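What's in start_28.csv: CSV, C-alpha atoms
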chain,number,residue,atom,x,y,z
A,74,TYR,CA,109.5,32.3,70.8
A,75,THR,CA,110.7,34.6,73.6
A,76,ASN,CA,108.1,33.6,76.3
A,77,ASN,CA,107.6,37.4,76.9
A,78,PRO,CA,103.9,38.3,77.1
A,79,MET,CA,104.4,41.8,75.7
A,80,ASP,CA,105.8,40.4,72.4
A,81,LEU,CA,103.1,40.1,69.7
A,82,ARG,CA,103.0,38.6,66.3
A,83,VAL,CA,100.4,38.9,63.5
A,84,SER,CA,99.8,35.4,62.0
A,85,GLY,CA,98.2,35.9,58.6
A,86,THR,CA,97.1,39.2,57.0
A,87,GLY,CA,97.3,42.5,58.8
A,88,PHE,CA,99.7,45.1,60.2
A,89,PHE,CA,100.0,46.7,63.6
A,90,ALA,CA,99.1,50.3,63.8
A,91,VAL,CA,101.3,52.7,65.7
A,92,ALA,CA,101.0,56.4,66.3
A,93,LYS,CA,104.0,58.8,66.5
A,94,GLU,CA,102.3,60.9,69.2
A,95,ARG,CA,99.7,59.9,71.8
A,96,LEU,CA,97.4,62.9,71.1
A,97,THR,CA,97.4,62.4,67.3
A,98,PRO,CA,96.1,58.9,66.6
A,99,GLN,CA,95.3,59.9,63.0
A,100,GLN,CA,99.1,60.1,62.1
A,101,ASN,CA,99.9,56.4,62.2
A,102,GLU,CA,102.2,53.9,60.4
A,103,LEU,CA,102.0,50.2,59.9
A,104,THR,CA,104.4,47.7,61.3
A,105,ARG,CA,104.9,44.0,61.8
A,106,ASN,CA,107.4,43.6,64.8
A,107,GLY,CA,105.9,43.3,68.2
A,108,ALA,CA,108.6,44.4,70.7
A,109,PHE,CA,106.2,46.2,73.0
A,110,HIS,CA,106.6,47.5,76.5
A,111,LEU,CA,105.0,49.9,78.9
A,112,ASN,CA,106.3,53.5,79.0
A,113,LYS,CA,106.3,55.7,82.1
A,114,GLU,CA,102.6,56.4,81.4
A,115,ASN,CA,101.7,52.7,81.3
A,116,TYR,CA,101.0,52.8,77.5
A,117,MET,CA,102.1,50.0,75.2
A,118,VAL,CA,104.8,51.5,73.0
A,119,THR,CA,107.3,50.2,70.5
A,120,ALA,CA,111.1,50.4,70.8
A,121,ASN,CA,111.0,54.0,69.5
A,122,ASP,CA,108.3,55.0,72.0
A,123,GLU,CA,105.6,55.0,69.4
A,124,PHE,CA,102.2,54.4,70.9
A,125,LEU,CA,100.3,51.3,69.8
A,126,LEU,CA,96.8,52.0,68.5
A,127,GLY,CA,93.9,50.0,69.8
A,128,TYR,CA,90.1,50.0,70.1
A,129,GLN,CA,87.7,50.5,73.0
A,130,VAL,CA,85.5,47.6,73.9
A,131,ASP,CA,82.2,47.6,75.8
A,132,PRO,CA,82.2,46.6,79.5
A,133,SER,CA,79.8,43.6,79.0
A,134,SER,CA,79.3,43.3,75.2
A,135,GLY,CA,82.4,41.8,73.6
A,136,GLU,CA,81.9,43.7,70.4
A,137,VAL,CA,83.9,46.9,70.1
A,138,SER,CA,81.6,50.0,70.0
A,139,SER,CA,83.8,52.6,68.2
A,140,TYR,CA,86.3,51.7,65.5
A,141,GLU,CA,88.4,54.8,65.9
A,142,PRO,CA,92.0,54.0,66.9
A,143,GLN,CA,93.3,55.2,70.3
A,144,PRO,CA,96.4,54.5,72.4
A,145,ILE,CA,96.2,51.4,74.6
A,146,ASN,CA,96.5,52.2,78.3
B,293,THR,CA,101.5,55.0,137.6
B,294,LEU,CA,99.8,51.7,136.8
B,295,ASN,CA,96.7,51.1,134.8
B,296,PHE,CA,94.9,47.8,135.4
B,297,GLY,CA,92.7,46.2,132.8
B,298,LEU,CA,90.4,43.5,134.0
B,299,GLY,CA,87.8,43.4,131.2
B,300,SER,CA,88.0,39.6,131.0
B,301,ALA,CA,87.4,38.9,134.7
B,302,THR,CA,84.7,36.2,135.3
B,303,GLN,CA,83.0,34.6,138.2
B,304,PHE,CA,81.9,31.0,137.7
B,305,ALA,CA,81.7,27.8,139.7
B,306,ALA,CA,85.3,27.0,138.8
B,307,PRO,CA,88.0,27.5,141.6
B,308,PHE,CA,90.2,30.6,141.7
B,309,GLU,CA,92.4,30.7,138.6
B,310,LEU,CA,94.9,33.2,137.1
B,311,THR,CA,94.1,32.7,133.4
B,312,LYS,CA,96.0,35.6,131.9
B,313,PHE,CA,98.6,38.1,133.2
B,314,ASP,CA,100.2,40.6,130.8
B,315,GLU,CA,102.3,43.7,131.4
B,316,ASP,CA,104.2,46.2,129.3
B,317,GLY,CA,107.4,46.3,131.4
B,318,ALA,CA,110.8,45.5,130.1
B,319,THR,CA,114.4,45.2,131.2
B,320,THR,CA,117.8,45.4,129.5
B,321,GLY,CA,118.7,42.6,127.2
B,322,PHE,CA,120.9,41.4,124.3
B,323,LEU,CA,120.0,40.6,120.7
B,324,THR,CA,119.2,36.9,120.6
B,325,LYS,CA,117.8,36.1,117.2
B,326,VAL,CA,116.8,37.9,114.0
B,327,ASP,CA,114.3,36.7,111.4
B,328,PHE,CA,112.4,38.1,108.4
B,329,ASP,CA,108.7,37.6,107.8
B,330,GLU,CA,106.7,37.7,104.6
B,331,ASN,CA,105.9,41.4,105.0
B,332,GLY,CA,109.6,42.3,105.0
B,333,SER,CA,109.7,43.4,108.6
B,334,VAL,CA,112.9,42.4,110.3
B,335,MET,CA,112.0,41.2,113.8
B,336,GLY,CA,114.5,40.5,116.6
B,337,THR,CA,114.0,39.0,120.1
B,338,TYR,CA,116.1,40.1,123.0
B,339,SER,CA,117.1,38.6,126.4
B,340,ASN,CA,114.2,40.3,128.2
B,341,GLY,CA,111.6,38.8,125.8
B,342,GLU,CA,110.4,41.8,123.8
B,343,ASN,CA,109.9,41.0,120.1
B,344,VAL,CA,111.0,44.4,118.9
B,345,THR,CA,110.4,45.2,115.2
B,346,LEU,CA,113.6,46.8,113.9
B,347,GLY,CA,112.0,47.9,110.6
B,348,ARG,CA,110.9,46.9,107.2
B,349,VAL,CA,112.7,46.5,103.9
B,350,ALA,CA,111.8,49.1,101.3
B,351,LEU,CA,110.6,47.9,97.9
B,352,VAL,CA,110.7,50.2,94.8
B,353,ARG,CA,108.7,49.7,91.6
B,354,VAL,CA,109.0,51.7,88.4
B,355,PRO,CA,106.3,51.9,85.7
B,356,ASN,CA,108.8,51.2,82.9
B,357,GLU,CA,111.5,48.8,83.9
B,358,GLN,CA,113.0,48.7,80.3
B,359,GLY,CA,113.9,52.4,80.6
B,360,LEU,CA,116.1,52.1,83.7
B,361,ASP,CA,119.7,53.2,83.1
B,362,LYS,CA,122.2,50.5,84.1
B,363,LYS,CA,124.9,51.4,86.6
B,364,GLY,CA,127.8,49.1,87.6
B,365,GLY,CA,127.5,46.1,89.9
Whole structure, structure tokens version:
Amino acid sequence: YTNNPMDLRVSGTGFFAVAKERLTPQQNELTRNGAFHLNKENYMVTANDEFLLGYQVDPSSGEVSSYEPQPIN
Amino acid sequence: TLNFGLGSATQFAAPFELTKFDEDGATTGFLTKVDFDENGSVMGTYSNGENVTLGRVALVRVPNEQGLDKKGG
């Protein structure tokens, strides 16, 4: 426990998805550490400045519309 | 030249009364006290009575604080 809100942990089964480049979410790798922080563009990135892949949820509906991965801003 | 503003002048049954008198004149004075408010403005009152605002205290924010290079001190 670090009490840092930007640190994340996957309890159970599943890996984080991180992309090498912002404009190519297809090229991604799986990880388990959660040392995340905002870069100069306000994107959540790892230690090596690899963008963290995320979904896009609807404004009102909690369910996520599209399942394609995109960088989290 | 003098500009007189009497926009609050009233005529009632009450006797003659000088409710408010304000001017913009000033005289030489010496720094008496200095205080800081919540906005960061450093205010100082002088012997004359003017509450001159010396300035504000700059605040700087960066999008990525983890990427700041560390100097000495």
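The spacing separating atom CA of residue A:125 from atom CA of residue B:358 amounts to 16.7 Å.
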Next on the checklist: Using only C-alpha atoms and a distance of at most 10 Å, pull out the residues of chain A that contact chain B, as an MDAnalysis selection string.
Outcome noted: chainID A and resid 110:116 120
Item to check | Straight-line distance linking atom CA of residue A:141 with atom CA of residue A:81, stated in Å to one decimal | outcome: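 Interatomic distance, atom CA of residue A:141 to atom CA of residue A:81: 21.1 Å.
Distance-wise, atom CA of residue B:316 and atom CA of residue B:328 end up 23.9 Å apart.
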Neighbour list for residue A:94 as a PDB file with C-alpha atoms, keeping the file's coordinate frame, cut-off 10 Å, only C-alpha atoms, skip fewer than 6 positions in-chain:
ATOM      1  CA  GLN A 100      99.100  60.100  62.100  1.00  0.00           C
ATOM      2  CA  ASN A 101      99.900  56.400  62.200  1.00  0.00           C
ATOM      3  CA  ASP A 122     108.300  55.000  72.000  1.00  0.00           C
ATOM      4  CA  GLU A 123     105.600  55.000  69.400  1.00  0.00           C
ATOM      5  CA  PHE A 124     102.200  54.400  70.900  1.00  0.00           C
ATOM      6  CA  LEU A 125     100.300  51.300  69.800  1.00  0.00           C
ATOM      7  CA  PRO A 144      96.400  54.500  72.400  1.00  0.00           C
TER       8      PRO A 144
END
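Close contacts of stretch 333-337 of chain B, defined as residues with an atom at most 9 Å away when counting only C-alpha atoms, with chain neighbours fewer than 6 positions off set aside, comprise residues 322, 323, 324, 325, 326, 327, 343, 344, 345, 346, 347, 348 and 349 of chain B.
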Item to check | Selected residue, from A:146, A:97, A:138, A:105, that lies nearest to residue A:118 when counting only C-alpha atoms | outcome: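 The closest residue to residue A:118 is A:146.
Each of B:305, B:293, B:351, B:321 was checked against residue B:339 using only C-alpha atoms; the smallest atom-to-atom distance is that of B:321.
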